[PDB]
Amino acid sequence: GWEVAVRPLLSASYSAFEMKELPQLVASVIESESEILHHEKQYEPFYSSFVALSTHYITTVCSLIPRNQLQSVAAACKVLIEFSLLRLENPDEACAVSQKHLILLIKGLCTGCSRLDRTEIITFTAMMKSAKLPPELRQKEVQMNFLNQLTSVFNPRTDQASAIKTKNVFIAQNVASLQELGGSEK
Amino acid sequence: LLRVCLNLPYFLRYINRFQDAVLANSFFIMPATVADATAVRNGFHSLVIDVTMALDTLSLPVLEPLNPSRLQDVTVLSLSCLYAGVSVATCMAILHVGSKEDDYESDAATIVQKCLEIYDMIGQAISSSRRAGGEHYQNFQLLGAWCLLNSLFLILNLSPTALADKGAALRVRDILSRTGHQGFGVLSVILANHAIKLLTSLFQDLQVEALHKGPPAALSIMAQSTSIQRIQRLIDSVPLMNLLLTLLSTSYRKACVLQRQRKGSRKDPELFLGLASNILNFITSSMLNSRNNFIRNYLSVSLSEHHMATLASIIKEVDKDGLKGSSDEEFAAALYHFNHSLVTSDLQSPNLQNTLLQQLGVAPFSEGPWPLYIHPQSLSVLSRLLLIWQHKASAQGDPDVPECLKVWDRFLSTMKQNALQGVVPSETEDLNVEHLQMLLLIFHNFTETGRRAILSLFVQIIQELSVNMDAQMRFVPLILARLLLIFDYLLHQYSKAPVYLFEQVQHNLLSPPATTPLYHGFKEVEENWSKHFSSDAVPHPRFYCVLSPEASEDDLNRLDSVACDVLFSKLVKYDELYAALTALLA
Amino acid sequence: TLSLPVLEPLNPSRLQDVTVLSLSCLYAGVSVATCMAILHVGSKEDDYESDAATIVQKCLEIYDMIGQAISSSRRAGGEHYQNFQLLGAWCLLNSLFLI
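Residue numbers (PDB author numbering), protein chains in the order written: chain A, 28 to 161, 182 to 205, 228 to 255; chain B, 256 to 354, 366 to 433, 440 to 451, 465 to 498, 504 to 554, 640 to 888, 903 to 975; chain C, 312 to 354, 366 to 421.
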């Protein structure tokens, strides 16, 4: 199953991210959160490249995300920022991402747009092509995200304009997630 | 100029009073008596002159070196006009509860407005200065809030009864220690709005500062205090939660009054609505969403069944308003936002949750008939609470939530009563689609035992309704039709829950008041309905479907295999039930 | 990182570190500028020149950012902001004298 996620990773790599496949990667990240967190250095490169590409693509569609699917995007982004800050705090040799690039990925999850250059994006795609990884299920994931929404109340206190407003809401959410982790201090 | 301003003839009075007040936060106002207020009114004109003078004097470059010595004096002048304005508002409320007139009202309004402006200039000057611009700004904001909150509380607490009883210092402590809400007006709104602003800032300060980083902060700009201490000070001086809710309720109710007047002081309900909406937002964000333990603890303690009842009342008022309007819509959405926050927040006790549910009339353990139609927020809130309860149990694999089980049982009993009576219900007396959707969702979360019991009860109800054919043959089956639709859904969707159902609830009830709810409908039946129905739009979905436009499938395995298994189990007498269904056709 | 809300909490303890980092580039930049001055007096080289120019530019930029942060903060500013300005001016003047 690790295979299909690299699909939205590569299908979108070709011609921008398909919002349609997005609700898939969000799911993936949250499901693999604990693993990205305490994984083995054997698949460090794989996990690191996964996180970087996921962050970049989620930022690329920051302004355009279903308002209903917007909350799951914020959950997956909190997971990604967790991995990024963990790495920036404990520099790892097996990590396939530079501290500059990791700081820039947090900056993009927390700012208007991502900045990772395409040359570096293809480098990440190659470190992912490394494949150095460790229906009914779709409906199960749907019910999981449904409980997620019940617990995750939007509380969003304070067309094209709405798209920019959705983008700013995502930005506020991820800034909160970074501060949630006291990452500012870290 | 500073000396001249601080040496104003009318200012000196309030200045001294405010200083006395700063000691032991003994907030007091002298126009408590109507006659006292009248005398205050008499002096309005010269008071207006002095206020304007001080305002313009501070407007031109002054107190450039905000050295602590000047900083202190300038803050004093600002808080002094603040107290003057709050006392003017208090005397206006006193005259109102007792009841050049407009001239005096004009003077008073001018005084309050200009007074708040002096405060804001002094505040902006402090915040924009290089000598004392930050912690001093924060303590200036505390002093201001404190004054505003105390005044608002006092004004609201002023009742004509107490007024005539007195018939001079308006000690807030006395009212609290001793412990209609009249006296709230445009001026009250103005002060409340400014007070809300100050409150928001100190709470944002709390949030940025480490969670749960002592004594009540001291009422001094120079005094260095923790943000928590400042908030602690405000709470200790006056009950933050109580005052906020009091203002909220009064504002909303007053707005409604103005609306009614229009249907038949500013007469703009929007004004009060705006204040009310702001209050909701502040509490939800600064408090409800606040992760600070101190804040949450205070909230939980402050929360009372009375508050729940008030909240329920407002919800019902908004839900039963029937007028979207403009600002009303914003307030309505904010209301729901607050309601859902309460439902999700652990601050609301289970006791408080049940209290709110009963006050709405949607208590899941109440007696009588189940409300078939539930109001847009009364339904959304109920659904949120029940679903969160089912999730708690599901998270720990706990047994079927009895409340939701009792919900379904009561609902089915009411439906059988309606079908036994076969009386056509009104739209307000007919089960709403979104309600049906959340009920099916709850039925799913239930374990085999719960869902099988529901199926058996449905079979028994249909069989009993078939016992009297003559009445059924001459009774409108609108409710029986709804029951049969529910049973049919529970035939193609019993073992599993459909993705559309989740989306419908997430879109209809997990949303503040697309406005159109998400659901399916009887194409031919809805066509005939339109043949003789309102032309504007479809106000209420009397005819609908929950089975979805499922691909046409022959009876072969049309009914769920699990559902088939249950029907032939000892619990369900299918052979006898099927005969009743055949008879029901008549 | 500085573009992020990393130094946003100007807590007294953080305030010290926030000032520390700011004047740190200030010193780094003034020293890089002094090195460029030594090179000019002695006179991929163009590449290194551009590198040092970018360094000094971002040095001043970080100084300005932390300054405005301490100025508009509700937990710092006034004399604190004035003293940050004083220290920055000291560093810059001493650098000018040395170069």
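Backbone N, C-alpha and C fix where the C-beta goes; we use that ideal spot for every residue, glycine too.
- With fewer than 16 neighbouring CB atoms inside 10 Å of its own CB, B:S941 falls in the exposed class.
- Put simply, the CB of B:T822 is far from chain A, with every gap to its CB atoms at 9 angstroms or more.
- B:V799 is classed as exposed because its beta carbon has fewer than 16 other beta carbons within 10 Å across all chains shown.
- Assignment of B:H929 by DSSP, reduced to helix, strand and coil, places it in the coil class.
- Between the stretch 468-484 of chain B and the stretch 409-428 of chain B, the count of Cβ pairs shorter than 8 angstroms is three or higher; the stretches touch.
- In this structure, the alpha-carbon of B:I384 lies about 17 angstroms from that of B:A477.
- The residue among B:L448, B:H402, B:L524 and B:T540 with its C-alpha nearest the C-alpha of B:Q514 is B:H402.
- At a cut-off of 9 angstroms between beta carbons, C:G400 contacts chain B.
- Listed along the chain, the chain B residues whose CB falls inside 9 angstroms of the CB of C:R397 are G400, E401, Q404, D490, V493, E494 and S517.
- Judged by DSSP in its simplified three-state form, B:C934 adopts strand.
- Closest option to B:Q522, judged by alpha-carbon separation, among B:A507, B:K498 and B:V880: B:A507.
- Taking the CA atoms as reference points, B:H681 sits about 21 angstroms from B:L754.
- Listed by position along chain C, the residues whose Cβ is nearer than 8 angstroms to that of A:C122 form an empty set, because the closest Cβ is around 17 angstroms away.
- B:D964 sits exposed, since fewer than 16 C-beta atoms from the chains shown fall within 10 Å of its C-beta.
- In the DSSP assignment, B:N726 falls within the unbroken alpha helix (DSSP H) covering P725 to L735.
- Neighbours of C:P320 in chain B, taken as residues at a C-beta separation under 9 angstroms, are given in chain order as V493, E494 and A495.
- Of all alpha-carbon atoms in A:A101, A:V106, A:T86 and A:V78, the one lying nearest the alpha-carbon of A:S125 is that of A:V78.
- In the three-state scheme derived from DSSP, where H, G and I count as helix and E and B as strand, A:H65 is classed as helix.
- Between B:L318 and B:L257 the beta-carbon gap is near 6 angstroms, inside 8 angstroms, which marks them as a contact.
- Going by C-alpha positions, B:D954 is about 55 angstroms away from B:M531.
- Contact annotation: in the stretch 370-381 of chain C, no residue has its CB less than 7 angstroms from a CB in chain A.
- The beta carbon of A:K134 sits closer than 9 angstroms to some beta carbon of chain C.
- Three or more beta-carbon pairs separated by less than 8 angstroms link the stretch 81-92 of chain A to the stretch 33-45 of chain A, which places the two stretches in contact.
- When rounded, the separation of the alpha-carbon atoms in B:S425 and B:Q467 is 6 angstroms.
- The beta carbon of B:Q519 lies closer than 8 angstroms to those of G504, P505, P506 and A507 in the same chain, with the five residues before and after it left out.
- Close CB contacts of B:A709 within its chain, under the 7 angstroms cut and outside five residues either way in sequence, are with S652, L655 and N656 (chain order).
- Contact annotation, B:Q733 with B:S720: C-beta distance approximately 19 angstroms; criterion of less than 8 angstroms not satisfied.
- The beta carbon of B:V343 lies closer than 6 angstroms to those of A374, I377 and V378 in the same chain, with the five residues before and after it left out.
- Apart from the 5 residues on each side of it in sequence, B:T536 sits with its Cβ closer than 7 angstroms to the Cβ of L422 and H466 in its chain, given in chain order.
- With its beta carbon at least 9 angstroms from every one in chain C, B:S660 lies outside the interface.
- Residue B:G410 holds the alpha-carbon nearest to the alpha-carbon of B:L483 among B:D696, B:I861, B:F266 and B:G410.
- C:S333 is outside the set of residues whose beta carbon lies under 9 angstroms from a beta carbon in chain B.
- Note on the stretch 367-396 of chain C: whole alpha helix (DSSP H) runs with a minimum of 4 residues are 367-394, in chain order.
- The DSSP-derived three-state label of B:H466 is coil.
- For A:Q96 and B:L757, the gap between their C-alpha atoms comes out near 23 angstroms.
- Proximity of B:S665 to chain C, defined by a Cβ-Cβ separation below 9 angstroms, is not satisfied.
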